[PDB]
Structure formats: structure tokens, C-alpha cells
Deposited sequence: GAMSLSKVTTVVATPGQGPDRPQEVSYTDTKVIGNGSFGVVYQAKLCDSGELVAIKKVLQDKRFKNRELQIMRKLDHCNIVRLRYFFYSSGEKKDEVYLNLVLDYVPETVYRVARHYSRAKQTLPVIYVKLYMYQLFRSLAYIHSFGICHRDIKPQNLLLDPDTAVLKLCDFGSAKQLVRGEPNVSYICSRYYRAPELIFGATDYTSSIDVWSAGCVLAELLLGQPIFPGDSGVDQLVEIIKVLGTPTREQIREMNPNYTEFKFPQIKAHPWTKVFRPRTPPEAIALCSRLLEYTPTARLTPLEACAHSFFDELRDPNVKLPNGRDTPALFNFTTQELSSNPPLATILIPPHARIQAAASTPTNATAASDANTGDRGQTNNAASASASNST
């Protein structure tokens, strides 16, 4: 096995490069996110992911700029970055072996559903990572099961792939063509260019619904099919809601469809608190969607705040309450529900 040694800049510290040696280098992925390698750090034995992309001549790397800012337990951390041979930017990242996508698929093909305790744990930790990035005004713009990494032993979840992520500035236009099939907020389907970070929340509501249902709640390979499914559940959007999504669309015909009672969407066993949470995430009107911090404080996650909760393997839960002031900034009073007595 090759040992590769690079001079690399720590992700968030002061700009002081270090000689970093790594080995066991194999490709684990190859997509629009570029080539991703897994490797092992010679010093610590810790496994890392290395994401390598070609670095444009003219611009700054947006993903790097965003990742240098972030340090949170539910987001894959940028450990180091370095340049290599045309120039390549390499990001040395936390390695997390599983994904919500693969796990939901194991359960689905075994004709079982993910135990609700995992739904609570994973979704809670997704919402934390969202409260955190949204507090910088960063929108991920591609929340989907594949971007939710999991450790099966600790039940830690980390959000990954910040290749779409962008600081959203009010009044500054954003491309509508972000977000992946199944997970796109209706305003994106309509072509909104003035959407907010609440698209990440819609996407998370779709993930939650998917974990509860055992399949995507709004399937469709085209926006038209996706909208049909959304309307089957939410009912037809009002004139107001449509104009908000896209002002140029008020003229189009829209079948008058009645709302499907949210309880009937899901299986009979489904906790009513899970259903209530979905309904407050999957709202046509962006401002009517819960914030990630309010999602965390939702009663669906009450069980996680019980001092006696344990993982199915017997272990303690992962870190759920180490909220910072930055994390809490959107609504500091929520810290009362959020940080329970035993964790203070």
C-alpha cells in the first residue's frame, strides 16, 4: 500500500499547513461531486474521505469556502484541504460508512420499516445540522437520503455533500434547478429563483415521510408527476400559494383536488406526532414550514429527551443536546425544550 504525504491546510483552524500522511487509498465514489476516495490517516489510524475536484481558474471554490466555516457533530467535517496535480482541490473529510439511502433500502427490501427510534434519532440530527447551517444563512440545496451518512453503531448522522450549498441572500437570485427528484420543494418545481432555506426543510419532511412510508411520498420522474403526488396529499394550492411559487403560473389550470387527511397517508401504526411533524414540514407556503430548530423541539422527538432512552444495541444515544449559541440563535427560548434537565 502506497503512503501518500501531502502538505495540507486544517479545515477551520489558522492557515498553518501540516504534513499529512495517508494510506489504504481506494475510490468509493465517482459522480458530479467528483471523485471520492476513502483512506486511512497514518498518524491516527482514522479513516477519512477525500473529495477531489478540478479547481476552476477564475473563481474561488464555493464548497471549500462554506466547509471552512462549519464545525458541527452532525455535519461531515473538513479536516484538511490540499492541492494536487491542471490543479485539483482535495478535501479531507470525516468518513462515515453508511447512508440513510442504503439503510432505508435494506429495510424496504426486507419488507420492514425502520424502527421509529431511528427515525427520531436521524431526523432530529438532520434538523440540528440544518439549524446550524441555516444560522449562517447557508442552504444545502440537496437534502436527500444519499446525503445523510450514518454510523450504525453510534446512530450518529452526518450531512454530507456541500457541492450545491450556498449562502442565500435576500433579493439575490438563485438557480431553481437544484435539489434532487423526490425531494424538491414545489416552489423549485415551479422554477422559483427567490426561494429561502426552507426548501431544505421541505426536503427533510420528504425524507421523514419516506422513512415512515418505506418509499418516497412524492415520487415522479418529472415535475408534473411530482406535483400530482404533492397535490394528492396537500390538496390544490390556493391562488396565493401558486403566485408565491411562481408569479407567471396563476393563469394555468389546476384540478380542484381535496386534501387527503394526513393520517390516511401513512400506515396505521405510525405515531401521530410523526404525522403532525410531517404536516408542518410539507407546507406549500415556505414561511409556514417549521424551522429546523423548531422541528428539533417538536414533540415527535420528546423520546430523545427522556433520560432513560437507549439505542437498541444497549449503548447511550449520541450527542443530542450540546447546542451552541450560534445553533440556538434563530430562537434562544427553544433551549428550554431542547436542552432537557438531565443534560444541563
Item to complete: Show which contiguous pieces of the deposited sequence have no C-alpha coordinates, counting from residue 1.
Response: 1-5, 91-95, 355-391
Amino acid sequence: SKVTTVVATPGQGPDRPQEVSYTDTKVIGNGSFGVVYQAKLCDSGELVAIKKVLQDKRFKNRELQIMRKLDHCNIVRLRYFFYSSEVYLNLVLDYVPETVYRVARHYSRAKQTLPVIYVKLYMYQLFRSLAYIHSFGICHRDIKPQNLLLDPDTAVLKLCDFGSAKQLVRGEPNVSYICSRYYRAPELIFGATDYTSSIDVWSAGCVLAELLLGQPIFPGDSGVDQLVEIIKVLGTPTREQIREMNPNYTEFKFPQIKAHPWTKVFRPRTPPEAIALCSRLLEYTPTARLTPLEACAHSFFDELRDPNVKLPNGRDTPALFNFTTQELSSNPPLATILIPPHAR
From here on, numbers count along this sequence of modelled residues.
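We call the rigid core the largest set of C-alpha positions that still match within 1.5 Å between the two forms.
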Discussion item. Can you check whether 28-36 or 282-290 lies farther from the displayed model in 9 other deposited structures of this protein, averaging C-alpha distances as RMS after superposing on the core?
Written reply: 28-36
Worksheet entry | Between 233-241 and 156-164, the one whose CA atoms sit farther away in 9 other deposited structures of this protein (rigid core aligned) | 233-241
Response to the item:
Looking only at C-alpha temperature factors in the entry, 267-275 or 215-223, the higher average sits in 267-275
Discussion item. Quick check on the record: does 312-320 or 50-58 carry the larger mean Cα temperature factor?
Written reply: 50-58
Discussion item. Among the choices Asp151, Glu229, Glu240, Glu210, identify the one whose CA B-factor in the record is greatest.
Written reply: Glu240
Worksheet item: So among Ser176, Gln146, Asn248, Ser203, who wins on Cα B-factor in the entry?
Response: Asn248
Worksheet entry | Relative C-alpha B-factor of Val233, binned into the chain's lowest, middle or highest third | middle
Fill in: B-factor third for the C-alpha atom of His106 within its chain
middle
Item to complete: Looking at the entry's B-factor column for C-alpha atoms only, identify whether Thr113 ranks in the lowest, middle or highest third of its chain.
Response: middle
Response to the item:
By the entry's values, the third containing the CA B factor of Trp262 is the highest
Discussion item. Please say which third, lowest, middle or highest, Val87 falls into when its CA temperature factor is compared across its chain.
Written reply: highest
